[PDB]
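**Q** Chains as they are written, first to last, in our numbering: chain E, 82 to 678; chain D, 24 to 115.
Cβ coordinates follow ideal geometry from the N, Cα and C atoms, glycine included.
Structure provided below as C-alpha cells; questions to follow.
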Amino acid sequence: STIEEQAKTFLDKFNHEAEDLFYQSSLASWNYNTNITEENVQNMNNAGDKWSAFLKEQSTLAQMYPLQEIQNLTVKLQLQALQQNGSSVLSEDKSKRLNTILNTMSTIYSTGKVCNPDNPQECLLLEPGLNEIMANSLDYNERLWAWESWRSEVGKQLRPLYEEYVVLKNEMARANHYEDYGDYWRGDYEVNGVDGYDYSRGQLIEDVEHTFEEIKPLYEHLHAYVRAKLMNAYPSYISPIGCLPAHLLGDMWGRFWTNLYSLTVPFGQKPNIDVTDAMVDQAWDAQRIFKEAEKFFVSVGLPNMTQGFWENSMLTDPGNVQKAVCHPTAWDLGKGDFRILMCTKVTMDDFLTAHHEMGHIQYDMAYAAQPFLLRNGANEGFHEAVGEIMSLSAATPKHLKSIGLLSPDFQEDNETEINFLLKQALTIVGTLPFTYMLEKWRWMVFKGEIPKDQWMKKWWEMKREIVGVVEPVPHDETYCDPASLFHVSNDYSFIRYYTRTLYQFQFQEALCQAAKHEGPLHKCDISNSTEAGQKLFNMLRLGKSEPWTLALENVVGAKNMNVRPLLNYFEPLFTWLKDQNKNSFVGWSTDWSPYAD
Amino acid sequence: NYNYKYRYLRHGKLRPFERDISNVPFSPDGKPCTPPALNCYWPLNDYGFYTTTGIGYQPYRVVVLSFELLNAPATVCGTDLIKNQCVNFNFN
Numbered sequence: 082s083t084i085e086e087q088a089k090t091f092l093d094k095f096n097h098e099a100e101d102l103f104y105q106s107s108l109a110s111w112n113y114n115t116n117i118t119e120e121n122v123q124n125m126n127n128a129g130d131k132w133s134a135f136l137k138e139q140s141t142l143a144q145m146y147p148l149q150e151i152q153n154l155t156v157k158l159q160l161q162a163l164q165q166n167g168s169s170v171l172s173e174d175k176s177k178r179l180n181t182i183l184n185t186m187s188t189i190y191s192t193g194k195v196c197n198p199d200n201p202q203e204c205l206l207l208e209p210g211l212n213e214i215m216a217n218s219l220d221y222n223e224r225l226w227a228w229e230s231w232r233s234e235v236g237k238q239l240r241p242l243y244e245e246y247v248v249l250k251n252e253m254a255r256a257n258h259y260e261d262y263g264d265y266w267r268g269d270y271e272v273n274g275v276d277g278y279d280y281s282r283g284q285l286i287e288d289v290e291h292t293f294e295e296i297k298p299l300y301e302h303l304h305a306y307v308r309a310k311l312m313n314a315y316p317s318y319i320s321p322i323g324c325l326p327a328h329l330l331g332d333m334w335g336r337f338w339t340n341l342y343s344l345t346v347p348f349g350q351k352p353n354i355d356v357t358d359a360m361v362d363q364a365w366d367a368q369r370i371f372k373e374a375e376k377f378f379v380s381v382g383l384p385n386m387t388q389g390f391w392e393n394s395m396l397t398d399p400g401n402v403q404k405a406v407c408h409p410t411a412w413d414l415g416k417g418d419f420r421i422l423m424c425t426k427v428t429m430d431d432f433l434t435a436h437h438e439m440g441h442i443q444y445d446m447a448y449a450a451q452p453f454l455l456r457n458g459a460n461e462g463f464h465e466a467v468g469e470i471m472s473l474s475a476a477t478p479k480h481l482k483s484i485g486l487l488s489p490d491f492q493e494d495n496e497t498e499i500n501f502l503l504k505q506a507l508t509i510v511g512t513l514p515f516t517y518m519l520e521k522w523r524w525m526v527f528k529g530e531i532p533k534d535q536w537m538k539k540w541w542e543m544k545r546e547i548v549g550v551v552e553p554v555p556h557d558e559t560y561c562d563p564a565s566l567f568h569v570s571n572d573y574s575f576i577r578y579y580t581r582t583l584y585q586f587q588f589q590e591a592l593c594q595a596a597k598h599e600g601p602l603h604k605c606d607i608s609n610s611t612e613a614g615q616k617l618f619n620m621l622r623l624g625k626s627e628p629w630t631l632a633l634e635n636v637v638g639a640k641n642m643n644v645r646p647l648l649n650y651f652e653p654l655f656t657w658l659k660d661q662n663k664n665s666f667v668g669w670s671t672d673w674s675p676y677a678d
Numbered sequence: 024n025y026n027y028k029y030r031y032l033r034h035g036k037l038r039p040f041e042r043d044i045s046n047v048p049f050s051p052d053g054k055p056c057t058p059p060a061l062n063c064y065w066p067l068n069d070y071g072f073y074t075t076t077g078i079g080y081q082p083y084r085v086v087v088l089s090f091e092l093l094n095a096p097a098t099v100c101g102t103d104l105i106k107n108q109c110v111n112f113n114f115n
C-alpha cells in the first residue's frame, strides 16, 4: 500500500521500542549524577550510546522515506526529527574528534581549578570556592585575583579546544544544510510549511535586536544605578563615565548581578522581601518547600505529581558517600518518571527554584499526552518559561502573603515595592545584554565575522558595547573568556533563556489576565486562580505537536516574541530608576579601563 | 521485568473471544517478510514494567469473569423448612 500507513507502523515500532531504552539511559545517567561511581558513568554511556547510535540507526531507517511525501503535520514534524542526522555526519575522523573535544571541554571545565600563587595547596574549583568569592567577597584584589585566575587556568586551556571546535562544528552544520552552527542553533526555532505560523532563521536575529532596543533604556538606567552603588561599595575603583569592571559583577563574567543587591539595595531599612530569614527562623525544610510548591500547583488549577516524583527523586543533598551533583534540573525520564535533581537549602531562591523545576515537571506531564517525539518542547523556549512562571508569580508579595511566611500584616508601600522590583530587576535586566552579547559573539565566531586572532579583543569590545563591562586587566588571544564558562565549552544554547525572559512575562500577563488581579503584574498571584493554570495548561498540552508560534497565540494571542509585559512589569520601577539616575551619569564609555587608569 | 509483552500489529480487530496467538510475522500487506526487513516488523514487544515506574506504568493483573446467561441452568451458586402449608417454590 502507501508509504504513510507503513510510516505509522514504523513510528509505532520506533516509539514503543525507544521509550524503554531512553528510560534505561536516563535512569543510568540519573544514578550516575546521584551515585557518582565508575560503574554508573559507564552506565551513562552504555544505554546512552545505545540511544545515541539508535538515533542514527532509525534515522537511516527513516531517511529511506523521502521527506516531500507527507500530508499529516504530525508525522511530518516527526520525520523532521528522525531524519535530522545531528552530529553524526562528518568525515570519519572529525565525528570522533568533535565528540572528543566536547567531552574534553566537559571534563576540564568541571575539574579545572585555580590556586593561590605563593602557596600551591590553597586551590579552589569553580563550584564551590570561586562562585562564592565573586558573590560575597568585598575585596578588590580577591575578586580580581579569582577573576584573572579562572580565565587564566582553564580558559587558556579551553581556548584551542574551542578553536578546533568552531571549525569542526561549523563544518558539521554545513554538512546538515545549515549556514553556520549559529544557523544550526536558530533552526530549532525555525519551522517549515505552517502558512501564517512560519518562522525563519534570520527572524530570530531581527527579533532579538528588535526587543534589545526595547531593553537598552531600562538597562541604561539600571546599569547607571548599579554602577553608582558599585562605586559607593568599591571606592577609588570605578569611573562614573566608564563601564563596570568585570570582577565586580556579582559573578565571574556578568550573567547574574543579584549578588550586588546587598550593596545595590534602594532602601535598606525597610523589611527585605527575601523570606530566607523567615524560612530558617520558622523551621520549614526542603520537603515543605516542594510540597508547598505542589500545593501552589493545586491552587493555580493543576493536578498533583506522580509516584515516581515523590518516591524516586533526590530533592536534597545526601552529603556523604551517596554523593550527588547539586544543579537543579528537571530530568525527563519518561514512563511517568519526571524528576527534580536539586540540593535544596532553606532558601527562597530554592523555593522559587522548586516552583521552577516543578513547573518543568508540570509541562512534562502536560506534554505527556503525546507519543514520545511530540513529548518534548515545541521549541527551546517553552520549557524554561513555564518553569520561570511559577517562580515569578511565586516571587510576588501576594504569594508570600498567602503561603504562611511574610507575617500577614505586612506593609505594601512604594518603598518595599521598589526594593522587591529592583531586586528582581538586577537579575532580569542584567541577564539580557550578557545573553545578547554572548550569543552575538558566538554567532559572529561561527559565521567567521570575528577573526581567529580577534576573539579576545572583539570580545571585550562587545562587553563594552552591549553589556557595558570593561576588563580590569586586558587579555590577549591566549585567554578565552567565553570558553571558560558553562555555556560555551559544554555546548549549551544560550539565546533560549533570552526567549525565556520574553515568554516569561508574556505568559505571566496571560496568567494574570484571566486571574482578575487588581494591581500591576508585580503584585499578581496566580494561586487560588484555576483559570491561570488552565490557561497555561491549554498551551502546555501541545508540546511539539505544533510549531511554537501557534502555542504563543495559545497563551497571549500573538505570533512573535515581545517584551511589552516586561515593560509593564518594570515601568514604575523604570521611572523610579530615571528619577534616581538624573544625578548619575547617563551612559558608558568604551575607553575606560582599570588598567588604563 | 520484561516477561510480559503485547501485540500492536494486526489486520483488524478481534471477534468475540477469538484468542489471537499467532507467532506469524506481521507486514501490513500480507507479504510474510524476513526481519529486519523493510516495513515487515515484529508484532509483539515489551511493556517496560519497573517498580520505579510510579502510578503511570503499574502492571495490573486483570481477571475478566464472563457471567453467561442461562444457556444452561443454574451452576454458579445462587433450608426453608415448611410442611403442611401451601407456599411458592424453587428447587435446585
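In this structure, how does DSSP classify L513 (chain E) when only helix, strand and coil are distinguished?
**A** Against the first sequence, residue 513 (chain E) aligns to sequence position 432. The answer is helix: DSSP assigns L513 (chain E) an H, G or I state.
**Q** Report the neighbours of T387 (chain E) on chain D: residues whose CB is nearer than 7 Å to its CB, in chain order.
**A** Against the first sequence, residue 387 (chain E) aligns to sequence position 306. Under the 7 Å cutoff, chain D gives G77, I78 and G79.
**Q** Helix, strand or coil for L325 (chain E)? Go by DSSP, reduced to three states.
**A** Here residue 325 (chain E) refers to the residue found at position 244 of the first sequence. Three-state result, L325 (chain E): strand.
**Q** For chain E, check one thing: does any of its Cβ atoms lie closer than 7 Å to the Cβ of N68 (chain D)?
**A** Residue mapping note: residue 68 (chain D) aligns to position 45 of the second sequence, counting from 1. Judged by the 7 Å Cβ criterion, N68 (chain D) is in contact with chain E.
**Q** Give me the chain E residues within the contact set of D52 (chain D), using Cβ-Cβ distance strictly less than 7 Å, ordered along the chain.
**A** By one-based count along the second sequence, residue 52 (chain D) stands at place 29. Neighbours of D52 (chain D) on chain E, chain order: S82.
**Q** Starting from the beta carbon of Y64 (chain D), find every residue of chain E whose beta carbon is closer than 7 Å, and list them in chain order.
**A** If you number the second sequence from 1, residue 64 (chain D) lands on position 41. Neighbours of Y64 (chain D) on chain E, chain order: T90 and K94.
**Q** Bridge partners of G458 (chain E), per DSSP?
**A** Counted from its first residue, the first sequence places residue 458 (chain E) at position 377. Note: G458 (chain E) sits in no beta bridge, so no partner.
**Q** Does chain E have any CB closer than 7 Å to the CB of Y31 (chain D)?
**A** Counting from one through the second sequence, the residue named residue 31 (chain D) turns up at place 8. Yes - at least one Cβ of chain E is within 7 Å of the one on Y31 (chain D).
**Q** Mapping DSSP to helix, strand and coil, what is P399 (chain E)?
**A** Residue mapping note: residue 399 (chain E) aligns to position 318 of the first sequence, counting from 1. The answer is coil: DSSP assigns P399 (chain E) none of H, G, I, E or B.
**Q** With 7 Å set as the bound, which would you pick, yes or no: does the beta-carbon of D445 (chain E) sit closer than that to a beta-carbon of chain D?
**A** The residue given as residue 445 (chain E) occupies position 364 in the first sequence. Closer than 7 Å: no.
**Q** Any beta carbon of chain D sitting closer than 7 Å to that of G129 (chain E)?
**A** By 1-based counting over the first sequence, the position of residue 129 (chain E) is 48. No, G129 (chain E) does not count as interfacial toward chain D.
**Q** Mind checking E213 (chain E): buried by the 16 CB within 10 Å criterion, or exposed?
**A** Position 132 of the first sequence, counted from the start, is the residue given in the question as residue 213 (chain E). Counting Cβ neighbours within 10 Å, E213 (chain E) comes out exposed, since fewer than 16 surround it.
**Q** Tell me, please, whether the CB atom of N393 (chain E) is closer than 7 Å to any CB atom in chain D?
**A** Stepping through the first sequence from its first residue, residue 393 (chain E) is reached at position 312. Chain D, which has a Cβ nearer than 7 Å to the Cβ of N393 (chain E), makes this yes.
**Q** Anything in the region 401 to 419 of chain E with a Cβ closer than 7 Å to a Cβ of chain D? List those residues in chain order, please.
**A** From the region 401 to 419 of chain E, only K416, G417 and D418 have a Cβ closer than 7 Å to chain D.
**Q** In whole angstroms, what separates the C-alpha of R336 (chain E) from that of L67 (chain D)?
**A** As a first step, residue 336 (chain E) must be located in the first sequence, where it is residue number 255. As a first step, residue 67 (chain D) must be located in the second sequence, where it is residue number 44. So the alpha carbons of these two residues sit roughly 52 Å apart.
**Q** Can we say the region 160 to 167 of chain E touches the region 131 to 148 of chain E, given the rule of at least three CB pairs closer than 8 Å?
**A** Yes, since at least three Cβ pairs between the region 160 to 167 of chain E and the region 131 to 148 of chain E fall closer than 8 Å, the two stretches touch.
**Q** Could you say if the region 401 to 419 of chain E and the region 348 to 357 of chain E meet the contact criterion of at least three C-beta pairs nearer than 8 Å?
**A** No, because fewer than three Cβ pairs between the region 401 to 419 of chain E and the region 348 to 357 of chain E fall closer than 8 Å, the two stretches do not touch.
**Q** Grab me the residues of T339 (chain E)'s own chain with a C-beta within less than 6 Å of its C-beta, minus the 5 sequence neighbours each way, in chain order.
**A** Here residue 339 (chain E) refers to the residue found at position 258 of the first sequence. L507 and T508.
**Q** Over the uninterrupted alpha helix (DSSP H) stretch that includes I421 (chain E), give me the two end residues.
**A** Residue mapping note: residue 421 (chain E) aligns to position 340 of the first sequence, counting from 1. Counting along the chain, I421 (chain E) falls outside any alpha helix (DSSP H), though it belongs to the beta strand (DSSP E) covering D418 to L422.
**Q** When you compare each of E:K426, E:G331 and E:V551 to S218 (chain E) by their alpha carbons, which one comes out closest?
**A** Residue numbering aside, residue 218 (chain E) sits at position 137 when the first sequence is read from its first letter. With distances taken between Cα atoms, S218 (chain E) lies closest to E:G331.
**Q** Would you say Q139 (chain E) lies against chain D (beta-carbon separation less than 7 Å)?
**A** For this step, residue 139 (chain E) is matched to residue 58 along the first sequence. No - not a single Cβ of chain D is within 7 Å of the one on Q139 (chain E).
**Q** Cα separation between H34 (chain D) and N166 (chain E)?
**A** On the second sequence, position 11 is the one that residue 34 (chain D) refers to. On the first sequence, position 85 is the one that residue 166 (chain E) refers to. In a straight line, the C-alpha of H34 (chain D) is about 33 Å away from that of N166 (chain E).
**Q** What residues from chain D crowd round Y246 (chain E), counting only those whose CB sits closer than 8 Å?
**A** Looking up residue 246 (chain E) in the first sequence gives position 165. In chain order: nothing, as chain D lies at least about 36 Å away.
**Q** Using the Cβ count rule (16 or more neighbours within 10 Å means buried), how would you classify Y25 (chain D)?
**A** Translated into positions along the second sequence, residue 25 (chain D) becomes position 2. Result: exposed.
**Q** Can you tell me whether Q105 (chain E) is buried or exposed? The criterion is at least 16 other CB atoms within 10 Å of its CB, across all chains shown.
**A** Along the first sequence, read from residue 1 onward, the residue named residue 105 (chain E) stands at position 24. Flag for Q105 (chain E) reads buried.
**Q** Is the region 561 to 580 of chain E in contact with the region 518 to 526 of chain E, if contact means three or more CB pairs nearer than 8 Å?
**A** Counting Cβ pairs under 8 Å, three or more are found: they touch.
**Q** Quick check: the Cα distance between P48 (chain D) and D93 (chain E), rounded to an integer number of angstroms?
**A** Taking the first residue of the second sequence as position 1, residue 48 (chain D) is located at position 25. Taking the first residue of the first sequence as position 1, residue 93 (chain E) is located at position 12. Distance between the alpha carbons of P48 (chain D) and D93 (chain E) is about 16 Å.
**Q** Could you check what DSSP says for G389 (chain E) in three-state terms: helix, strand or coil?
**A** Taking the first sequence and counting its residues from 1, the one referred to as residue 389 (chain E) is at position 308. Helix.
**Q** Can you pull the chain D neighbours of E652 (chain E), defined as C-beta to C-beta under 7 Å?
**A** On the first sequence, residue 652 (chain E) is found 571 positions in, with the first residue counted as 1. The premise fails here: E652 (chain E) is roughly 44 Å from chain D at the closest Cβ pair, so nothing lies under 7 Å.
**Q** From the DSSP output, in three-state form, read off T671 (chain E) for me.
**A** Within the first sequence, residue 671 (chain E) is the residue found at index 590, counting from 1. Reduced to three states, the DSSP call for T671 (chain E) is coil.
**Q** Mind pulling the chain E residues with CB within less than 9 Å of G101 (chain D)?
**A** Taking the second sequence and counting its residues from 1, the one referred to as residue 101 (chain D) is at position 78. The premise fails here: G101 (chain D) is roughly 42 Å from chain E at the closest Cβ pair, so nothing lies under 9 Å.
**Q** Helix, strand or coil: how does DSSP classify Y80 (chain D) here?
**A** Residue mapping note: residue 80 (chain D) aligns to position 57 of the second sequence, counting from 1. Reduced to three states, the DSSP call for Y80 (chain D) is coil.
**Q** Mind checking which residues open and close the beta strand (DSSP E) that includes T477 (chain E)?
**A** Residue numbering aside, residue 477 (chain E) sits at position 396 when the first sequence is read from its first letter. Taken as a continuous stretch (DSSP letters only), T477 (chain E) belongs to no beta strand (DSSP E), as it is neither H nor E.
**Q** Could you say which of E:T83, E:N116 and E:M642 lies nearest to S50 (chain D) if we only look at CA atoms?
**A** Translated into the one-based positions of the second sequence, residue 50 (chain D) becomes position 27. Among E:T83, E:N116 and E:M642, the Cα nearest to that of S50 (chain D) belongs to E:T83.
**Q** Indicate whether the contact test is met: 3 or more Cβ pairs, each with one atom in the region 220 to 232 of chain E and one in the region 477 to 494 of chain E, closer than 8 Å.
**A** Contact between the region 220 to 232 of chain E and the region 477 to 494 of chain E is absent, because fewer than three Cβ pairs lie under 8 Å.
**Q** Going straight from the alpha carbon of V667 (chain E) to that of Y444 (chain E), what length do you get?
**A** Position 586 of the first sequence, counting from 1, holds the residue named residue 667 (chain E). Position 363 of the first sequence, counting from 1, holds the residue named residue 444 (chain E). Roughly 42 Å separates the two Cα atoms.
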